[PDB]
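Asker: My structure is in query.pdb, and what it holds is PDB, N, CA and C atoms:
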ATOM      1  N   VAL A   3     106.040  44.781 143.353
ATOM      2  CA  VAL A   3     106.530  44.969 141.962
ATOM      3  C   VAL A   3     106.965  43.648 141.366
ATOM      4  N   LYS A   4     106.147  42.650 141.642
ATOM      5  CA  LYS A   4     106.048  41.434 140.864
ATOM      6  C   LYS A   4     104.727  40.879 141.363
ATOM      7  N   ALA A   5     103.850  40.480 140.448
ATOM      8  CA  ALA A   5     102.578  39.902 140.852
ATOM      9  C   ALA A   5     102.784  38.440 141.221
ATOM     10  N   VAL A   6     101.770  37.835 141.809
ATOM     11  CA  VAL A   6     101.859  36.427 142.166
ATOM     12  C   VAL A   6     100.945  35.604 141.284
ATOM     13  N   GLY A   7     101.536  34.690 140.535
ATOM     14  CA  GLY A   7     100.786  33.796 139.695
ATOM     15  C   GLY A   7     100.066  32.724 140.511
ATOM     16  N   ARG A   8      99.539  31.745 139.800
ATOM     17  CA  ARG A   8      98.710  30.693 140.364
ATOM     18  C   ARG A   8      99.290  29.403 139.840
ATOM     19  N   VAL A   9      99.282  28.329 140.624
ATOM     20  CA  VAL A   9      99.725  27.022 140.168
ATOM     21  C   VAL A   9      98.655  26.043 140.669
ATOM     22  N   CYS A  10      98.205  25.145 139.810
ATOM     23  CA  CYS A  10      97.214  24.162 140.247
ATOM     24  C   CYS A  10      97.791  23.096 141.177
ATOM     25  N   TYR A  11      97.049  22.792 142.225
ATOM     26  CA  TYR A  11      97.468  21.717 143.126
ATOM     27  C   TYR A  11      97.919  20.518 142.344
ATOM     28  N   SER A  12      97.154  20.160 141.326
ATOM     29  CA  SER A  12      97.458  18.960 140.590
ATOM     30  C   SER A  12      98.801  18.989 139.868
ATOM     31  N   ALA A  13      99.328  20.193 139.657
ATOM     32  CA  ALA A  13     100.536  20.435 138.921
ATOM     33  C   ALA A  13     101.761  20.555 139.868
ATOM     34  N   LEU A  14     101.544  20.415 141.156
ATOM     35  CA  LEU A  14     102.690  20.497 142.079
ATOM     36  C   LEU A  14     103.387  19.136 142.141
ATOM     37  N   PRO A  15     104.671  19.116 142.470
ATOM     38  CA  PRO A  15     105.374  17.828 142.667
ATOM     39  C   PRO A  15     104.829  17.061 143.911
ATOM     40  N   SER A  16     104.955  15.726 143.916
ATOM     41  CA  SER A  16     104.341  14.870 144.939
ATOM     42  C   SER A  16     104.854  15.204 146.354
ATOM     43  N   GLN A  17     106.124  15.575 146.455
ATOM     44  CA  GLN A  17     106.697  16.094 147.720
ATOM     45  C   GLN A  17     105.960  17.339 148.239
ATOM     46  N   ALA A  18     105.482  18.225 147.351
ATOM     47  CA  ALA A  18     104.712  19.340 147.829
ATOM     48  C   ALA A  18     103.370  18.854 148.371
ATOM     49  N   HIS A  19     102.787  17.813 147.756
ATOM     50  CA  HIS A  19     101.581  17.242 148.264
ATOM     51  C   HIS A  19     101.854  16.709 149.687
ATOM     52  N   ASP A  20     102.958  15.995 149.845
ATOM     53  CA  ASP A  20     103.375  15.518 151.169
ATOM     54  C   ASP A  20     103.457  16.658 152.188
ATOM     55  N   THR A  21     104.163  17.744 151.841
ATOM     56  CA  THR A  21     104.203  18.903 152.726
ATOM     57  C   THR A  21     102.874  19.438 153.111
ATOM     58  N   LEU A  22     101.968  19.599 152.141
ATOM     59  CA  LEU A  22     100.665  20.138 152.452
ATOM     60  C   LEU A  22      99.887  19.241 153.415
ATOM     61  N   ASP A  23     100.004  17.951 153.224
ATOM     62  CA  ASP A  23      99.397  16.939 154.105
ATOM     63  C   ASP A  23      99.977  17.090 155.541
ATOM     64  N   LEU A  24     101.296  17.252 155.617
ATOM     65  CA  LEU A  24     101.905  17.396 156.911
ATOM     66  C   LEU A  24     101.459  18.671 157.597
ATOM     67  N   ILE A  25     101.318  19.786 156.883
ATOM     68  CA  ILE A  25     100.860  20.993 157.482
ATOM     69  C   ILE A  25      99.424  20.771 158.034
ATOM     70  N   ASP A  26      98.597  20.053 157.292
ATOM     71  CA  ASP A  26      97.204  19.809 157.714
ATOM     72  C   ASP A  26      97.201  19.020 159.023
ATOM     73  N   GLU A  27      98.163  18.132 159.134
ATOM     74  CA  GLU A  27      98.271  17.239 160.329
ATOM     75  C   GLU A  27      99.011  17.845 161.513
ATOM     76  N   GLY A  28      99.830  18.870 161.267
ATOM     77  CA  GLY A  28     100.564  19.507 162.304
ATOM     78  C   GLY A  28     101.947  18.851 162.512
ATOM     79  N   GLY A  29     102.423  18.074 161.556
ATOM     80  CA  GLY A  29     103.720  17.420 161.639
ATOM     81  C   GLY A  29     103.560  15.932 161.406
ATOM     82  N   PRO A  30     104.629  15.141 161.479
ATOM     83  CA  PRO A  30     105.993  15.601 161.813
ATOM     84  C   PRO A  30     106.728  16.191 160.653
ATOM     85  N   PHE A  31     107.613  17.160 160.924
ATOM     86  CA  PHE A  31     108.360  17.827 159.871
ATOM     87  C   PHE A  31     109.803  17.425 159.957
ATOM     88  N   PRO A  32     110.420  17.311 158.798
ATOM     89  CA  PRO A  32     111.806  16.831 158.729
ATOM     90  C   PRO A  32     112.896  17.815 159.155
ATOM     91  N   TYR A  33     112.632  19.117 159.110
ATOM     92  CA  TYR A  33     113.645  20.120 159.386
ATOM     93  C   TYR A  33     113.245  21.030 160.489
ATOM     94  N   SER A  34     114.229  21.561 161.193
ATOM     95  CA  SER A  34     113.966  22.390 162.320
ATOM     96  C   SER A  34     113.266  23.685 161.915
ATOM     97  N   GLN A  35     113.534  24.180 160.706
ATOM     98  CA  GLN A  35     112.942  25.434 160.290
ATOM     99  C   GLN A  35     111.502  25.278 159.838
ATOM    100  N   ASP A  36     111.025  24.067 159.746
ATOM    101  CA  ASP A  36     109.616  23.872 159.265
ATOM    102  C   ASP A  36     108.673  24.366 160.310
ATOM    103  N   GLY A  37     107.833  25.333 159.914
ATOM    104  CA  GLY A  37     106.923  26.008 160.797
ATOM    105  C   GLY A  37     107.332  27.366 161.327
ATOM    106  N   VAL A  38     108.544  27.815 161.033
ATOM    107  CA  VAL A  38     108.960  29.127 161.492
ATOM    108  C   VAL A  38     108.287  30.204 160.665
ATOM    109  N   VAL A  39     108.268  31.389 161.255
ATOM    110  CA  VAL A  39     107.688  32.541 160.597
ATOM    111  C   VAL A  39     108.500  32.931 159.358
ATOM    112  N   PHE A  40     107.788  33.233 158.280
ATOM    113  CA  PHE A  40     108.417  33.742 157.053
ATOM    114  C   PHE A  40     108.156  35.248 157.099
ATOM    115  N   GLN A  41     109.232  35.996 157.008
ATOM    116  CA  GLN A  41     109.158  37.431 157.196
ATOM    117  C   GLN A  41     108.729  38.242 155.994
ATOM    118  N   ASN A  42     108.735  37.663 154.815
ATOM    119  CA  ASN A  42     108.308  38.390 153.616
ATOM    120  C   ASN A  42     109.071  39.705 153.421
ATOM    121  N   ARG A  43     110.370  39.684 153.700
ATOM    122  CA  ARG A  43     111.183  40.904 153.666
ATOM    123  C   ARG A  43     111.256  41.574 152.314
ATOM    124  N   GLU A  44     111.119  40.817 151.245
ATOM    125  CA  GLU A  44     111.242  41.403 149.910
ATOM    126  C   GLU A  44     109.903  41.939 149.393
ATOM    127  N   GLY A  45     108.853  41.723 150.149
ATOM    128  CA  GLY A  45     107.522  42.231 149.783
ATOM    129  C   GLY A  45     106.844  41.556 148.613
ATOM    130  N   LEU A  46     107.272  40.351 148.246
ATOM    131  CA  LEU A  46     106.691  39.649 147.131
ATOM    132  C   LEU A  46     105.272  39.103 147.396
ATOM    133  N   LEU A  47     104.985  38.727 148.636
ATOM    134  CA  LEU A  47     103.645  38.326 149.015
ATOM    135  C   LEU A  47     102.943  39.542 149.587
ATOM    136  N   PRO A  48     101.609  39.521 149.628
ATOM    137  CA  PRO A  48     100.870  40.642 150.207
ATOM    138  C   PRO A  48     101.306  40.963 151.617
ATOM    139  N   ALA A  49     101.445  42.238 151.889
ATOM    140  CA  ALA A  49     101.817  42.741 153.170
ATOM    141  C   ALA A  49     100.848  42.372 154.283
ATOM    142  N   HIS A  50     101.362  41.674 155.296
ATOM    143  CA  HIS A  50     100.589  41.429 156.519
ATOM    144  C   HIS A  50     101.482  41.593 157.694
ATOM    145  N   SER A  51     100.874  41.541 158.872
ATOM    146  CA  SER A  51     101.588  41.656 160.100
ATOM    147  C   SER A  51     102.495  40.446 160.219
ATOM    148  N   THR A  52     103.560  40.612 160.968
ATOM    149  CA  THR A  52     104.503  39.541 161.171
ATOM    150  C   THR A  52     103.810  38.386 161.868
ATOM    151  N   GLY A  53     104.069  37.178 161.388
ATOM    152  CA  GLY A  53     103.428  36.014 161.946
ATOM    153  C   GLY A  53     102.337  35.499 161.074
ATOM    154  N   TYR A  54     101.953  36.291 160.083
ATOM    155  CA  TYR A  54     100.940  35.852 159.176
ATOM    156  C   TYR A  54     101.397  34.665 158.350
ATOM    157  N   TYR A  55     102.685  34.662 157.985
ATOM    158  CA  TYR A  55     103.204  33.661 157.087
ATOM    159  C   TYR A  55     104.159  32.747 157.824
ATOM    160  N   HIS A  56     104.085  31.469 157.497
ATOM    161  CA  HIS A  56     105.032  30.431 157.989
ATOM    162  C   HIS A  56     105.585  29.624 156.813
ATOM    163  N   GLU A  57     106.803  29.097 156.980
ATOM    164  CA  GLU A  57     107.460  28.375 155.904
ATOM    165  C   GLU A  57     107.675  26.898 156.216
ATOM    166  N   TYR A  58     107.577  26.077 155.188
ATOM    167  CA  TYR A  58     107.780  24.644 155.274
ATOM    168  C   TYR A  58     108.596  24.116 154.110
ATOM    169  N   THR A  59     109.523  23.176 154.393
ATOM    170  CA  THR A  59     110.326  22.578 153.352
ATOM    171  C   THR A  59     109.500  21.631 152.466
ATOM    172  N   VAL A  60     109.781  21.696 151.165
ATOM    173  CA  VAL A  60     109.332  20.706 150.222
ATOM    174  C   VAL A  60     110.602  19.978 149.825
ATOM    175  N   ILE A  61     110.637  18.690 150.117
ATOM    176  CA  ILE A  61     111.842  17.920 149.834
ATOM    177  C   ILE A  61     112.081  17.879 148.300
ATOM    178  N   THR A  62     113.348  18.042 147.904
ATOM    179  CA  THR A  62     113.801  17.871 146.535
ATOM    180  C   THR A  62     114.389  16.463 146.461
ATOM    181  N   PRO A  63     113.829  15.597 145.619
ATOM    182  CA  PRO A  63     114.312  14.216 145.504
ATOM    183  C   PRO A  63     115.790  14.232 145.125
ATOM    184  N   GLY A  64     116.633  13.466 145.802
ATOM    185  CA  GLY A  64     118.043  13.436 145.456
ATOM    186  C   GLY A  64     118.957  14.569 145.915
ATOM    187  N   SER A  65     118.443  15.463 146.759
ATOM    188  CA  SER A  65     119.237  16.560 147.294
ATOM    189  C   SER A  65     119.725  16.227 148.690
ATOM    190  N   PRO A  66     120.977  16.543 148.997
ATOM    191  CA  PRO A  66     121.526  16.271 150.332
ATOM    192  C   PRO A  66     121.353  17.425 151.316
ATOM    193  N   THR A  67     120.788  18.533 150.840
ATOM    194  CA  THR A  67     120.507  19.684 151.669
ATOM    195  C   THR A  67     118.994  19.920 151.596
ATOM    196  N   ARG A  68     118.504  20.937 152.295
ATOM    197  CA  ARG A  68     117.079  21.245 152.247
ATOM    198  C   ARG A  68     116.661  21.703 150.887
ATOM    199  N   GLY A  69     117.617  22.079 150.054
ATOM    200  CA  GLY A  69     117.233  22.550 148.732
ATOM    201  C   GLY A  69     116.521  23.912 148.771
ATOM    202  N   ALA A  70     115.801  24.222 147.693
ATOM    203  CA  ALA A  70     115.230  25.560 147.503
ATOM    204  C   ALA A  70     113.707  25.562 147.391
ATOM    205  N   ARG A  71     113.077  24.399 147.525
ATOM    206  CA  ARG A  71     111.590  24.330 147.384
ATOM    207  C   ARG A  71     110.906  24.527 148.718
ATOM    208  N   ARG A  72     109.824  25.337 148.750
ATOM    209  CA  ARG A  72     109.141  25.630 150.001
ATOM    210  C   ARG A  72     107.654  25.868 149.752
ATOM    211  N   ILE A  73     106.857  25.617 150.776
ATOM    212  CA  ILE A  73     105.450  26.112 150.885
ATOM    213  C   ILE A  73     105.413  27.226 151.944
ATOM    214  N   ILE A  74     104.775  28.360 151.619
ATOM    215  CA  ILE A  74     104.547  29.393 152.566
ATOM    216  C   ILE A  74     103.024  29.334 152.786
ATOM    217  N   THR A  75     102.633  29.313 154.022
ATOM    218  CA  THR A  75     101.187  29.379 154.329
ATOM    219  C   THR A  75     100.847  30.752 154.873
ATOM    220  N   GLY A  76      99.622  31.224 154.585
ATOM    221  CA  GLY A  76      99.113  32.448 155.176
ATOM    222  C   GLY A  76      98.079  32.088 156.258
ATOM    223  N   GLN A  77      97.566  33.081 156.976
ATOM    224  CA  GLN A  77      96.624  32.844 158.078
ATOM    225  C   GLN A  77      95.260  32.341 157.644
ATOM    226  N   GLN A  78      94.835  32.688 156.427
ATOM    227  CA  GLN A  78      93.536  32.251 155.894
ATOM    228  C   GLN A  78      93.502  30.807 155.464
ATOM    229  N   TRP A  79      92.399  30.116 155.741
ATOM    230  CA  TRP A  79      92.284  28.738 155.281
ATOM    231  C   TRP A  79      92.676  28.540 153.802
ATOM    232  N   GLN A  80      93.476  27.505 153.577
ATOM    233  CA  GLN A  80      94.003  27.137 152.256
ATOM    234  C   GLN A  80      94.750  28.228 151.464
ATOM    235  N   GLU A  81      95.301  29.216 152.155
ATOM    236  CA  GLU A  81      96.112  30.239 151.499
ATOM    237  C   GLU A  81      97.560  29.731 151.523
ATOM    238  N   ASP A  82      98.042  29.199 150.415
ATOM    239  CA  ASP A  82      99.377  28.575 150.304
ATOM    240  C   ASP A  82     100.106  29.040 149.082
ATOM    241  N   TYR A  83     101.412  29.242 149.208
ATOM    242  CA  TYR A  83     102.219  29.671 148.094
ATOM    243  C   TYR A  83     103.393  28.753 147.947
ATOM    244  N   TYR A  84     103.704  28.425 146.715
ATOM    245  CA  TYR A  84     104.795  27.555 146.383
ATOM    246  C   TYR A  84     105.958  28.332 145.737
ATOM    247  N   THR A  85     107.165  28.018 146.205
ATOM    248  CA  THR A  85     108.353  28.536 145.553
ATOM    249  C   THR A  85     109.309  27.380 145.256
ATOM    250  N   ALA A  86     109.953  27.466 144.128
ATOM    251  CA  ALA A  86     110.960  26.473 143.829
ATOM    252  C   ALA A  86     112.399  27.040 143.751
ATOM    253  N   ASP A  87     112.553  28.267 144.165
ATOM    254  CA  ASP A  87     113.801  29.001 143.953
ATOM    255  C   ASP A  87     114.145  29.845 145.160
ATOM    256  N   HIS A  88     113.859  29.273 146.323
ATOM    257  CA  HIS A  88     114.158  29.917 147.584
ATOM    258  C   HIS A  88     113.678  31.367 147.660
ATOM    259  N   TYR A  89     112.418  31.540 147.350
ATOM    260  CA  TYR A  89     111.723  32.806 147.565
ATOM    261  C   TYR A  89     112.017  33.861 146.519
ATOM    262  N   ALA A  90     112.588  33.485 145.370
ATOM    263  CA  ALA A  90     112.750  34.529 144.327
ATOM    264  C   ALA A  90     111.417  34.765 143.571
ATOM    265  N   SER A  91     110.608  33.720 143.532
ATOM    266  CA  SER A  91     109.273  33.825 142.912
ATOM    267  C   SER A  91     108.283  32.887 143.586
ATOM    268  N   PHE A  92     107.004  33.259 143.503
ATOM    269  CA  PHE A  92     105.940  32.534 144.157
ATOM    270  C   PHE A  92     104.774  32.384 143.259
ATOM    271  N   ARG A  93     104.059  31.296 143.491
ATOM    272  CA  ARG A  93     102.739  31.128 142.888
ATOM    273  C   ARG A  93     101.779  30.630 143.957
ATOM    274  N   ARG A  94     100.552  31.149 143.894
ATOM    275  CA  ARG A  94      99.483  30.791 144.826
ATOM    276  C   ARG A  94      98.930  29.431 144.438
ATOM    277  N   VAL A  95      98.757  28.543 145.427
ATOM    278  CA  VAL A  95      98.309  27.216 145.113
ATOM    279  C   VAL A  95      96.778  27.298 144.920
ATOM    280  N   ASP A  96      96.320  26.702 143.867
ATOM    281  CA  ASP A  96      94.879  26.695 143.510
ATOM    282  C   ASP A  96      94.374  25.261 143.708
ATOM    283  N   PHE A  97      93.620  25.067 144.799
ATOM    284  CA  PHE A  97      93.132  23.747 145.204
ATOM    285  C   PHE A  97      91.985  23.177 144.337
ATOM    286  N   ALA A  98      91.371  24.065 143.558
ATOM    287  CA  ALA A  98      90.234  23.735 142.659
ATOM    288  C   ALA A  98      90.683  23.171 141.306
ATOM    289  N   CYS A  99      91.981  23.013 141.094
ATOM    290  CA  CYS A  99      92.452  22.451 139.829
ATOM    291  C   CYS A  99      93.656  21.554 139.939
TER     292      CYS A  99
END
Write out the structure in this file as structure tokens.

Answerer:
Amino acid sequence: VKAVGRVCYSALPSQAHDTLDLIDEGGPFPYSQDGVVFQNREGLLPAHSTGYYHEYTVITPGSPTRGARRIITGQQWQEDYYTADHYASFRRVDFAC
């Protein structure tokens, strides 16, 4: 009961580009929670079995904490979602734009 919009890769902040690069490489990640399973408890992303989704920090420039920006990856190649509000809303990353 909220759809998922789309955001163009080109329109993401440079730190999100950094995160995506790190996920492609397998690390290194700055925070201990980077790579843990995202449970999708609120049902905002499509329902899958547990383990389908993993979460990664997107650094917020000038923040002393992990902040609220994240990439969630799904099991399918290039299936990535960006949130800037600690999972209150998501947009699917569109690599073709």

Asker: Would you write out, as a count of residues only, every residue that the PyMOL selection byres (((chain A and resi 35 and name CA) around 12) and name CA) captures in this file?

Answerer: 16

Asker: Can you list, as a ChimeraX atom specification, all residues belonging to chain A that DSSP tags as strand (DSSP E)?

Answerer: /A:7-10,56-59,72-75,82-85,93-96

Asker: Extract, using only C-alpha atoms, all DNA, RNA and protein residues at most 12 Å from residue 19 in chain A, discarding same-chain residues fewer than 2 positions from it, and format them as a ChimeraX atom specification.

Answerer: /A:10-17,21-26,58-61,72-73,82,84,95,97

Asker: Restricting it to N, CA and C atoms, dump the selection as a PDB file, in the coordinates of the input.

Answerer:
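In the end it all went to again39.pdb:
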ATOM      1  N   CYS A  10      98.205  25.145 139.810  1.00  0.00           N
ATOM      2  CA  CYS A  10      97.214  24.162 140.247  1.00  0.00           C
ATOM      3  C   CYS A  10      97.791  23.096 141.177  1.00  0.00           C
ATOM      4  N   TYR A  11      97.049  22.792 142.225  1.00  0.00           N
ATOM      5  CA  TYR A  11      97.468  21.717 143.126  1.00  0.00           C
ATOM      6  C   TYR A  11      97.919  20.518 142.344  1.00  0.00           C
ATOM      7  N   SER A  12      97.154  20.160 141.326  1.00  0.00           N
ATOM      8  CA  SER A  12      97.458  18.960 140.590  1.00  0.00           C
ATOM      9  C   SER A  12      98.801  18.989 139.868  1.00  0.00           C
ATOM     10  N   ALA A  13      99.328  20.193 139.657  1.00  0.00           N
ATOM     11  CA  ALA A  13     100.536  20.435 138.921  1.00  0.00           C
ATOM     12  C   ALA A  13     101.761  20.555 139.868  1.00  0.00           C
ATOM     13  N   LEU A  14     101.544  20.415 141.156  1.00  0.00           N
ATOM     14  CA  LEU A  14     102.690  20.497 142.079  1.00  0.00           C
ATOM     15  C   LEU A  14     103.387  19.136 142.141  1.00  0.00           C
ATOM     16  N   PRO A  15     104.671  19.116 142.470  1.00  0.00           N
ATOM     17  CA  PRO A  15     105.374  17.828 142.667  1.00  0.00           C
ATOM     18  C   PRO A  15     104.829  17.061 143.911  1.00  0.00           C
ATOM     19  N   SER A  16     104.955  15.726 143.916  1.00  0.00           N
ATOM     20  CA  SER A  16     104.341  14.870 144.939  1.00  0.00           C
ATOM     21  C   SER A  16     104.854  15.204 146.354  1.00  0.00           C
ATOM     22  N   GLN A  17     106.124  15.575 146.455  1.00  0.00           N
ATOM     23  CA  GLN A  17     106.697  16.094 147.720  1.00  0.00           C
ATOM     24  C   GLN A  17     105.960  17.339 148.239  1.00  0.00           C
ATOM     25  N   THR A  21     104.163  17.744 151.841  1.00  0.00           N
ATOM     26  CA  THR A  21     104.203  18.903 152.726  1.00  0.00           C
ATOM     27  C   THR A  21     102.874  19.438 153.111  1.00  0.00           C
ATOM     28  N   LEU A  22     101.968  19.599 152.141  1.00  0.00           N
ATOM     29  CA  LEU A  22     100.665  20.138 152.452  1.00  0.00           C
ATOM     30  C   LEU A  22      99.887  19.241 153.415  1.00  0.00           C
ATOM     31  N   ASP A  23     100.004  17.951 153.224  1.00  0.00           N
ATOM     32  CA  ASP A  23      99.397  16.939 154.105  1.00  0.00           C
ATOM     33  C   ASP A  23      99.977  17.090 155.541  1.00  0.00           C
ATOM     34  N   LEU A  24     101.296  17.252 155.617  1.00  0.00           N
ATOM     35  CA  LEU A  24     101.905  17.396 156.911  1.00  0.00           C
ATOM     36  C   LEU A  24     101.459  18.671 157.597  1.00  0.00           C
ATOM     37  N   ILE A  25     101.318  19.786 156.883  1.00  0.00           N
ATOM     38  CA  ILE A  25     100.860  20.993 157.482  1.00  0.00           C
ATOM     39  C   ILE A  25      99.424  20.771 158.034  1.00  0.00           C
ATOM     40  N   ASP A  26      98.597  20.053 157.292  1.00  0.00           N
ATOM     41  CA  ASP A  26      97.204  19.809 157.714  1.00  0.00           C
ATOM     42  C   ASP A  26      97.201  19.020 159.023  1.00  0.00           C
ATOM     43  N   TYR A  58     107.577  26.077 155.188  1.00  0.00           N
ATOM     44  CA  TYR A  58     107.780  24.644 155.274  1.00  0.00           C
ATOM     45  C   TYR A  58     108.596  24.116 154.110  1.00  0.00           C
ATOM     46  N   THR A  59     109.523  23.176 154.393  1.00  0.00           N
ATOM     47  CA  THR A  59     110.326  22.578 153.352  1.00  0.00           C
ATOM     48  C   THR A  59     109.500  21.631 152.466  1.00  0.00           C
ATOM     49  N   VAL A  60     109.781  21.696 151.165  1.00  0.00           N
ATOM     50  CA  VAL A  60     109.332  20.706 150.222  1.00  0.00           C
ATOM     51  C   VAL A  60     110.602  19.978 149.825  1.00  0.00           C
ATOM     52  N   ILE A  61     110.637  18.690 150.117  1.00  0.00           N
ATOM     53  CA  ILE A  61     111.842  17.920 149.834  1.00  0.00           C
ATOM     54  C   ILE A  61     112.081  17.879 148.300  1.00  0.00           C
ATOM     55  N   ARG A  72     109.824  25.337 148.750  1.00  0.00           N
ATOM     56  CA  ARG A  72     109.141  25.630 150.001  1.00  0.00           C
ATOM     57  C   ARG A  72     107.654  25.868 149.752  1.00  0.00           C
ATOM     58  N   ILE A  73     106.857  25.617 150.776  1.00  0.00           N
ATOM     59  CA  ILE A  73     105.450  26.112 150.885  1.00  0.00           C
ATOM     60  C   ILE A  73     105.413  27.226 151.944  1.00  0.00           C
ATOM     61  N   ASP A  82      98.042  29.199 150.415  1.00  0.00           N
ATOM     62  CA  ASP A  82      99.377  28.575 150.304  1.00  0.00           C
ATOM     63  C   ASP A  82     100.106  29.040 149.082  1.00  0.00           C
ATOM     64  N   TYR A  84     103.704  28.425 146.715  1.00  0.00           N
ATOM     65  CA  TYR A  84     104.795  27.555 146.383  1.00  0.00           C
ATOM     66  C   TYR A  84     105.958  28.332 145.737  1.00  0.00           C
ATOM     67  N   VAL A  95      98.757  28.543 145.427  1.00  0.00           N
ATOM     68  CA  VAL A  95      98.309  27.216 145.113  1.00  0.00           C
ATOM     69  C   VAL A  95      96.778  27.298 144.920  1.00  0.00           C
ATOM     70  N   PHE A  97      93.620  25.067 144.799  1.00  0.00           N
ATOM     71  CA  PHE A  97      93.132  23.747 145.204  1.00  0.00           C
ATOM     72  C   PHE A  97      91.985  23.177 144.337  1.00  0.00           C
TER      73      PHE A  97
END

Asker: Could you list the residues chosen by the PyMOL selection byres ((chain A and resi 70) around 7) in this structure as a list in words?

Answerer: residues 60, 62, 67, 68, 69, 71, 72, 85, 86, 87, 88 and 89 of chain A

Asker: Go ahead and compute the interatomic distance for atom C of residue 42 in chain A and atom C of residue 76 in chain A, in Å to one decimal.

Answerer: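 Between these atoms lies a distance of 13.7 Å.
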
Asker: Mind telling me what the PyMOL selection byres ((chain A and resi 3) around 8) catches here, as a list in words?

Answerer: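 Those residues are residues 4, 5, 6, 44, 45 and 46 of chain A.
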
Asker: From a DSSP pass on the backbone, collect the residues of chain A flagged as alpha helix (DSSP H) and hand them back as a PyMOL selection string.

Answerer: chain A and resi 16-27

Asker: Choose the residue, out of A:18, A:51, A:96, A:66, that has the smallest atom-to-atom separation from residue 80 in chain A; count all atoms listed in the file.

Answerer: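 Ranked by minimum distance to residue 80 in chain A, first place goes to A:96.
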
Asker: For atom N of residue 75 in chain A and atom N of residue 52 in chain A, determine how far apart the two atoms are, in Å to one decimal place.

Answerer: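 For atom N of residue 75 in chain A relative to atom N of residue 52 in chain A, the distance reads 13.3 Å.
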
Asker: Could you please determine the separation between CA of residue 50 in chain A and CA of residue 77 in chain A in Å, to one decimal place?

Answerer: 9.6 Å
